[PDB]
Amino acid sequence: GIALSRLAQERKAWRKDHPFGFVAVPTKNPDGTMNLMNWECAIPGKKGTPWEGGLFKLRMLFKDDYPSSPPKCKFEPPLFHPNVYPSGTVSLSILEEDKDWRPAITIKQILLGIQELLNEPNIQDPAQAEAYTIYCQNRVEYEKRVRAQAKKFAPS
């Protein structure tokens, strides 16, 4: 099918060349084969930012009409960030079909776009009250919270 052939292409591309320190791996079915509709991913914090040292786990869930539609990208556990909903779902315009999603966007581009969002929040379109309010009212406390979260999710 259209989704599965594109996702097999994306997997082969990712395995050969991907940004350093990221992870993107399909989950498995009971029979040991890959479930290309549900990927376990991880995004590293950028060096020189308060996110440095963290590795932040995310699930990427594809619908059967992918790549007409973007995947849903959900931090697990939910992330403290102004543009991450309490559910963990990421708000980003490239991840909305009727905003900036384009079918040609690759998994590398999605994960690099989420990485960029981490240290560059969009305060025009907040997704959670807590991280947004702290970002606006108390940047010192915001950075303390971010550095603590990065430590919590640092690889051992």
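Residue indices: 1-based, along the sequence shown.
Trainee: For the stretches 134-142 and 5-13, which has the higher mean C-alpha B-factor as given in the deposited record?
Mentor: The entry gives the higher C-alpha B-factor average to 134-142.
Trainee: Higher mean Cα B-factor in the deposited model: 41-49 or 54-62?
Mentor: Stretch with the greater average CA B-factor: 41-49.
Trainee: Which of these has the highest Cα B-factor in the record: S91, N35, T106, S69?
Mentor: That would be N35.
Trainee: Which third of the chain does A148 land in by C-alpha B-factor: lowest, middle or highest?
Mentor: For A148, whose C-alpha B-factor we compare with every modelled residue in the chain, the answer is the highest third.
Trainee: Would you mind ranking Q128 by its C-alpha B-factor against the rest of the chain and naming the third, lowest, middle or highest?
Mentor: Bottom third by C-alpha B-factor.
Trainee: Within this chain, which third does the Cα B-factor at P30 fall in: lowest, middle or highest?
Mentor: Highest third.
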